[PDB]
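Asks: Pasting start11.txt here (compact mmCIF, C-alpha atoms and all ligand atoms):
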```txt
# COMPACT_ATOMS: atom_id res chain seq x y z
CA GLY X 1 0.09 -16.07 -6.68
CA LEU X 2 1.87 -15.16 -3.46
CA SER X 3 4.09 -17.21 -1.18
CA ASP X 4 3.41 -17.56 2.53
CA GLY X 5 6.16 -15.05 3.28
CA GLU X 6 4.64 -12.56 0.87
CA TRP X 7 1.21 -12.90 2.45
CA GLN X 8 2.84 -12.36 5.85
CA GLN X 9 4.27 -9.08 4.56
CA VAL X 10 0.87 -8.02 3.17
CA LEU X 11 -0.88 -8.67 6.45
CA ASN X 12 1.87 -6.92 8.41
CA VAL X 13 1.46 -3.81 6.24
CA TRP X 14 -2.30 -4.08 6.65
CA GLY X 15 -1.89 -3.71 10.41
CA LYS X 16 -0.73 -0.16 9.72
CA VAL X 17 -3.98 0.50 7.86
CA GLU X 18 -6.19 -1.07 10.54
CA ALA X 19 -4.78 1.27 13.18
CA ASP X 20 -6.43 4.19 11.34
CA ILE X 21 -8.75 2.80 8.69
CA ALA X 22 -10.69 6.04 8.20
CA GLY X 23 -7.59 8.20 7.79
CA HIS X 24 -6.03 5.78 5.32
CA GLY X 25 -9.32 5.40 3.44
CA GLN X 26 -9.81 9.17 3.25
CA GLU X 27 -6.32 9.72 1.86
CA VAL X 28 -6.65 6.89 -0.68
CA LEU X 29 -9.82 8.40 -2.13
CA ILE X 30 -8.40 11.93 -2.09
CA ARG X 31 -5.32 10.71 -3.95
CA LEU X 32 -7.58 8.98 -6.50
CA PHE X 33 -9.87 11.98 -6.99
CA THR X 34 -7.14 14.62 -7.22
CA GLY X 35 -4.80 12.57 -9.41
CA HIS X 36 -7.57 11.31 -11.72
CA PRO X 37 -10.48 13.76 -11.64
CA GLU X 38 -12.51 11.63 -14.05
CA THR X 39 -12.93 9.11 -11.21
CA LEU X 40 -14.91 11.64 -9.16
CA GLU X 41 -17.58 11.72 -11.87
CA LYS X 42 -18.48 8.10 -11.09
CA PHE X 43 -19.61 9.10 -7.57
CA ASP X 44 -22.90 10.95 -7.57
CA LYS X 45 -22.42 11.65 -3.87
CA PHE X 46 -18.94 13.18 -4.25
CA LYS X 47 -19.15 15.02 -7.59
CA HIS X 48 -20.12 18.20 -5.70
CA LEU X 49 -16.62 18.33 -4.20
CA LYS X 50 -14.65 20.95 -6.12
CA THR X 51 -11.59 21.50 -3.91
CA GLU X 52 -9.38 19.17 -1.93
CA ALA X 53 -10.25 21.16 1.21
CA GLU X 54 -13.91 20.22 0.72
CA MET X 55 -12.77 16.63 0.18
CA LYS X 56 -10.75 16.71 3.41
CA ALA X 57 -13.69 18.20 5.32
CA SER X 58 -16.22 15.65 4.02
CA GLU X 59 -17.24 13.18 6.70
CA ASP X 60 -19.13 11.09 4.16
CA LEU X 61 -15.96 10.68 2.09
CA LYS X 62 -14.16 9.37 5.16
CA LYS X 63 -17.10 7.05 5.81
CA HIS X 64 -16.90 5.65 2.29
CA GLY X 65 -13.14 5.27 2.66
CA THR X 66 -13.82 3.04 5.67
CA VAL X 67 -16.26 0.94 3.61
CA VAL X 68 -13.74 0.53 0.77
CA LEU X 69 -10.76 -0.45 2.92
CA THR X 70 -12.87 -2.72 5.13
CA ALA X 71 -13.90 -4.64 2.03
CA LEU X 72 -10.35 -4.80 0.69
CA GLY X 73 -8.99 -5.91 4.05
CA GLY X 74 -11.50 -8.75 4.20
CA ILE X 75 -10.33 -9.88 0.76
CA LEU X 76 -6.63 -9.65 1.62
CA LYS X 77 -7.11 -11.71 4.77
CA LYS X 78 -8.30 -14.61 2.59
CA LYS X 79 -4.78 -14.90 1.10
CA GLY X 80 -6.10 -15.40 -2.43
CA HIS X 81 -9.07 -17.65 -1.58
CA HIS X 82 -11.44 -14.76 -2.12
CA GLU X 83 -13.86 -15.90 -4.85
CA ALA X 84 -16.97 -15.42 -2.68
CA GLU X 85 -15.83 -12.01 -1.40
CA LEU X 86 -14.67 -10.74 -4.79
CA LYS X 87 -17.60 -11.82 -7.00
CA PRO X 88 -20.19 -9.32 -5.65
CA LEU X 89 -17.70 -6.45 -5.88
CA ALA X 90 -16.75 -7.32 -9.44
CA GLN X 91 -20.43 -7.54 -10.34
CA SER X 92 -21.46 -4.28 -8.68
CA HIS X 93 -18.50 -2.36 -10.07
CA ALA X 94 -19.02 -3.63 -13.62
CA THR X 95 -22.81 -3.60 -13.85
CA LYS X 96 -24.02 -0.89 -11.47
CA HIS X 97 -21.15 1.56 -10.99
CA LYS X 98 -19.54 0.99 -14.43
CA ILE X 99 -15.94 1.27 -13.20
CA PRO X 100 -13.32 0.47 -15.87
CA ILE X 101 -10.46 -1.77 -14.78
CA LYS X 102 -8.12 1.18 -15.40
CA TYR X 103 -9.61 2.93 -12.38
CA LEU X 104 -8.81 -0.13 -10.26
CA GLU X 105 -5.21 0.27 -11.42
CA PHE X 106 -5.37 3.94 -10.36
CA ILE X 107 -6.62 3.09 -6.86
CA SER X 108 -4.04 0.31 -6.48
CA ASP X 109 -1.20 2.74 -7.15
CA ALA X 110 -2.87 5.28 -4.85
CA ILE X 111 -2.73 2.78 -1.98
CA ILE X 112 1.03 2.37 -2.50
CA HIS X 113 1.45 6.16 -2.60
CA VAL X 114 -0.51 6.70 0.62
CA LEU X 115 1.44 4.00 2.47
CA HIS X 116 4.73 5.74 1.67
CA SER X 117 3.25 9.14 2.53
CA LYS X 118 1.96 8.10 5.96
CA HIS X 119 4.79 5.68 6.83
CA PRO X 120 7.92 7.13 5.20
CA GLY X 121 10.89 4.87 5.75
CA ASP X 122 8.61 2.23 7.26
CA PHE X 123 7.26 0.67 4.03
CA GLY X 124 10.24 -1.32 2.85
CA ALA X 125 11.01 -2.67 -0.59
CA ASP X 126 9.92 -6.20 0.31
CA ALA X 127 6.65 -4.90 1.76
CA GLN X 128 5.99 -2.82 -1.36
CA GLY X 129 6.69 -5.86 -3.52
CA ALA X 130 4.22 -8.04 -1.65
CA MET X 131 1.49 -5.40 -1.44
CA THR X 132 1.82 -4.71 -5.15
CA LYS X 133 1.49 -8.41 -5.97
CA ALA X 134 -1.59 -8.69 -3.76
CA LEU X 135 -3.28 -5.74 -5.48
CA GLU X 136 -2.35 -7.19 -8.88
CA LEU X 137 -4.01 -10.48 -7.94
CA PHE X 138 -7.13 -8.61 -6.78
CA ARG X 139 -7.26 -6.63 -10.03
CA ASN X 140 -6.58 -9.69 -12.18
CA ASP X 141 -9.40 -11.70 -10.64
CA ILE X 142 -11.75 -8.73 -11.09
CA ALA X 143 -10.57 -8.50 -14.71
CA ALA X 144 -11.55 -12.13 -15.29
CA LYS X 145 -15.09 -11.39 -14.11
CA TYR X 146 -15.20 -8.24 -16.24
CA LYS X 147 -14.30 -10.32 -19.30
CA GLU X 148 -17.02 -12.86 -18.52
CA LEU X 149 -19.50 -9.96 -18.43
CA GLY X 150 -18.13 -8.28 -21.55
CA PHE X 151 -17.54 -5.09 -19.60
CA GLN X 152 -15.01 -2.53 -20.78
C1 LIG O 1 -9.92 -1.42 -3.80
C2 LIG O 1 -10.86 -1.23 -4.73
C3 LIG O 1 -12.34 -1.02 -4.38
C4 LIG O 1 -13.06 -1.58 -3.41
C5 LIG O 1 -12.61 -2.65 -2.39
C6 LIG O 1 -14.39 -1.03 -3.47
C7 LIG O 1 -15.41 -1.35 -2.62
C8 LIG O 1 -16.68 -0.82 -2.66
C9 LIG O 1 -17.78 -1.19 -1.79
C10 LIG O 1 -17.68 -2.24 -0.66
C11 LIG O 1 -18.84 -0.47 -2.15
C12 LIG O 1 -20.25 -0.52 -1.54
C13 LIG O 1 -20.96 -1.82 -2.01
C14 LIG O 1 -21.08 -1.98 -3.51
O1 LIG O 1 -21.72 -1.11 -4.14
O2 LIG O 1 -20.57 -3.01 -4.05
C15 LIG O 1 -18.45 0.39 -3.26
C16 LIG O 1 -19.26 1.29 -3.91
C17 LIG O 1 -18.88 2.08 -4.96
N1 LIG O 1 -17.66 2.04 -5.61
FE1 LIG O 1 -16.05 0.98 -5.05
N2 LIG O 1 -14.46 -0.12 -4.51
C18 LIG O 1 -13.20 -0.08 -5.07
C19 LIG O 1 -12.80 0.69 -6.14
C20 LIG O 1 -13.61 1.60 -6.77
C21 LIG O 1 -13.20 2.57 -7.77
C22 LIG O 1 -11.76 2.73 -8.31
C23 LIG O 1 -14.28 3.28 -8.13
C24 LIG O 1 -14.42 4.46 -9.12
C25 LIG O 1 -13.41 5.18 -9.61
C26 LIG O 1 -15.39 2.81 -7.36
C27 LIG O 1 -16.68 3.29 -7.46
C28 LIG O 1 -17.70 2.99 -6.59
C29 LIG O 1 -18.98 3.65 -6.55
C30 LIG O 1 -19.42 4.79 -7.49
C31 LIG O 1 -19.69 3.11 -5.57
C32 LIG O 1 -21.11 3.50 -5.11
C33 LIG O 1 -20.96 4.65 -4.12
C34 LIG O 1 -22.27 5.15 -3.55
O3 LIG O 1 -22.96 5.95 -4.22
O4 LIG O 1 -22.62 4.77 -2.40
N3 LIG O 1 -14.96 1.78 -6.55
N4 LIG O 1 -17.12 0.15 -3.54
```
Is it possible to express this structure as structure tokens?
Replies:
Amino acid sequence: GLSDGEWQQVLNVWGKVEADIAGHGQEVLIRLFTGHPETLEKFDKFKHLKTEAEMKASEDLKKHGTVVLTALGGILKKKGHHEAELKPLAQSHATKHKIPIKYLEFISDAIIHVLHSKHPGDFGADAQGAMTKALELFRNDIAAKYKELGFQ
């Protein structure tokens, strides 16, 4: 649950992402894959990537980064009223991709890391607080659907 002022911070930060969605999406996935190499094994189309240089050179990884952040941005713009947008993603990630909630924690922290890396000194403590709360809400509502499905 976020206040109006917190949502305003989230959507202000998101403007930074929308200026370069592919570059942000690429770096988020690279941070996930290099920090948590077990996550790469869930992607049949990226498991061939052995080095970060190959990851950086992969145009399909940048494409998928655009898909991921476009979906997340659509959810964030609903300011919590995201049941219709979130349900299909919860279902596909639990039942088809088999993504444990832990990996959603990993990618949430990766987003925070990338924002500081690309905007050092321009991602203030209030903005980090609000973005963190928004990603916690996203993860918590996914977790509720995971529990319904019995997925661990
Ligand atoms: C912010 C969190 C995430 C968002 C918004 C997101 C979004 C998406 C979307 C929109 C798709 C394509 C449609 C679909 O299959 O539902 C997708 C596919 C997929 N996601 Fe995610 N995802 C997220 C996190 C993760 C994480 C953490 C993992 C694994 C560590 C993951 C694994 C996958 C896989 C394996 C696919 C299929 C890729 C393919 O072969 O095309 N997702 N995701």
Asks: Determine, for each residue of chain X having at least one atom at most 7 Å from an atom of ligand LIG 1 (chain O), the closest pair of atoms and their separation in Å to one decimal, counting all atoms listed in the file; order by chain and ascending number, as CSV.
Replies:
```
residue,atom,partner,partner_atom,distance
X:39,CA,O:LIG1,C25,4.3
X:40,CA,O:LIG1,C25,6.6
X:42,CA,O:LIG1,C30,5.0
X:43,CA,O:LIG1,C30,4.3
X:44,CA,O:LIG1,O3,6.0
X:45,CA,O:LIG1,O3,5.7
X:67,CA,O:LIG1,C10,5.5
X:68,CA,O:LIG1,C7,4.2
X:69,CA,O:LIG1,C5,6.0
X:71,CA,O:LIG1,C5,5.0
X:72,CA,O:LIG1,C5,4.4
X:88,CA,O:LIG1,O2,6.5
X:89,CA,O:LIG1,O2,4.8
X:92,CA,O:LIG1,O2,4.9
X:93,CA,O:LIG1,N1,6.3
X:97,CA,O:LIG1,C30,5.1
X:99,CA,O:LIG1,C24,5.4
X:103,CA,O:LIG1,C22,4.6
X:104,CA,O:LIG1,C22,4.5
X:106,CA,O:LIG1,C22,6.8
X:107,CA,O:LIG1,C22,5.4
X:108,CA,O:LIG1,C1,6.7
```
Asks: Separation of CA of residue 91 in chain X and CA of residue 148 in chain X, in Å?
Replies: 10.3 Å
Asks: Near range 113-129 of chain X, counting only C-alpha atoms, which residues have an atom at most 10 Å away, once you skip same-chain residues fewer than 4 positions from it, shown as a PyMOL selection string?
Replies: chain X and resi 6-14+16-17+23-31+107-109+133-134
Asks: Do you have the CA of residue 152 in chain X-CA of residue 46 in chain X distance handy?
Replies: 23.1 Å
Asks: Could you work out an axis-aligned box for range 17-34 of chain X, taking every atom the file lists and adding 3 Å on each side, and report centre and edge lengths in Å to one decimal, as lines of an AutoDock Vina configuration file?
Replies:
```
center_x = -7.3
center_y = 6.8
center_z = 3.0
size_x = 12.7
size_y = 21.7
size_z = 26.4
```
Asks: Go ahead and compute the interatomic distance for CA of residue 145 in chain X and CA of residue 90 in chain X, in Å to one decimal.
Replies: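 Straight-line distance from CA of residue 145 in chain X to CA of residue 90 in chain X works out to 6.4 Å.
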Asks: Measuring atom to atom with only C-alpha atoms, identify which of X:147, X:81, X:102, X:64 is nearest to residue 36 in chain X.
Replies: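 Result for the nearest residue to residue 36 in chain X: X:102.
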Asks: Have a look at X:63, X:85, X:34, X:80 and name the one nearest to residue 49 in chain X; count all atoms listed in the file.
Replies: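 Ranking X:63, X:85, X:34, X:80 by distance to residue 49 in chain X, first place goes to X:34.
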